[PDB]
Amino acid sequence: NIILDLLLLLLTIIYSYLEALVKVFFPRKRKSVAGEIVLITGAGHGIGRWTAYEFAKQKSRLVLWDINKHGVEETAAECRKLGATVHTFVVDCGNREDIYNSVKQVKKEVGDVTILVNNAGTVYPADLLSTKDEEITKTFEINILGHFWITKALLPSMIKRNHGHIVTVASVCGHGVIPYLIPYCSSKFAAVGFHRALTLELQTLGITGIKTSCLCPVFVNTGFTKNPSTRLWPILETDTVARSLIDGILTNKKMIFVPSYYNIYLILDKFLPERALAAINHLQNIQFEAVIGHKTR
């Protein structure tokens, strides 16, 4: 228990050092994204906002989508200070009709998107019996169904030119699960499944030019969940996540975990017995605001 803690800390330290060593010994080649038309959904705040900043520094043409007009204009203002050409659109990324109508505007005013970042997301932390049905559907409408509509609208051009990049922002909740997040984990598993099946179908059809990347961070300090706490995982800073994402996109990395040492916990979750996984679970002590038993705890 105390020694399990130290074991997990030493493995975390070994992974961190060894990965940093491989990044100097065998570095992956970075591609250029200058001049690419990058569409980022949920770009009005958090991961989407700081990912837009990274693409502005990379010299890409930006198309930012969000339901929050004020936020998306604040992001665009900063991207323009970084020297980027930005187009903002107020779009509900859970509404199919809104998505298709807005893609028509993007083609007319900007052109054909070459990099798509499906970042927009929502969460309503509560135990299954404290969830509202409307909140469950909204979670799927934004976290996964929106990915289908945007990808179907933007893929035709990418296939024609044999050139594109589809980034799916999922979560470690798309590989592992957390209590009081059943609809969220369910929708994030669907996002991982979509990325994996889209990657394979493109391979099967012989489409060599369209790359895919899946972003899977642990808790990030954006306010997405109120006051998160994990003993074994870090509460990430937004800029760190955006930096890891841009590094992964530029090197065509398919599955980007943040921090990369989450892979150790991923392997433990597949081979460890139930008793061992419950011991790690208690040590983790996950905390965050949620509605438990119809009361916000």
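In this text, residue numbers run from 1 along the sequence as written.
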Assert higher mean C-alpha B factor (244-252 or 259-267, deposited values) equals 259-267
Per the entry, higher mean C-alpha B factor between 53-61 and 268-276: 268-276
Among all modelled residues of this chain, ranked by Cα B factor, put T230 in the bottom, middle or top third, i.e. lowest, middle or highest. highest
According to the PDB entry, is the CA B factor of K69 in the bottom, middle or top third of its chain, that is, lowest, middle or highest? lowest
Chain-relative CA temperature factor third for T85: middle
Third of chain Cα B-factors occupied by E109: highest
Where the record places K160 (Cα B-factor, split into thirds across the chain): highest
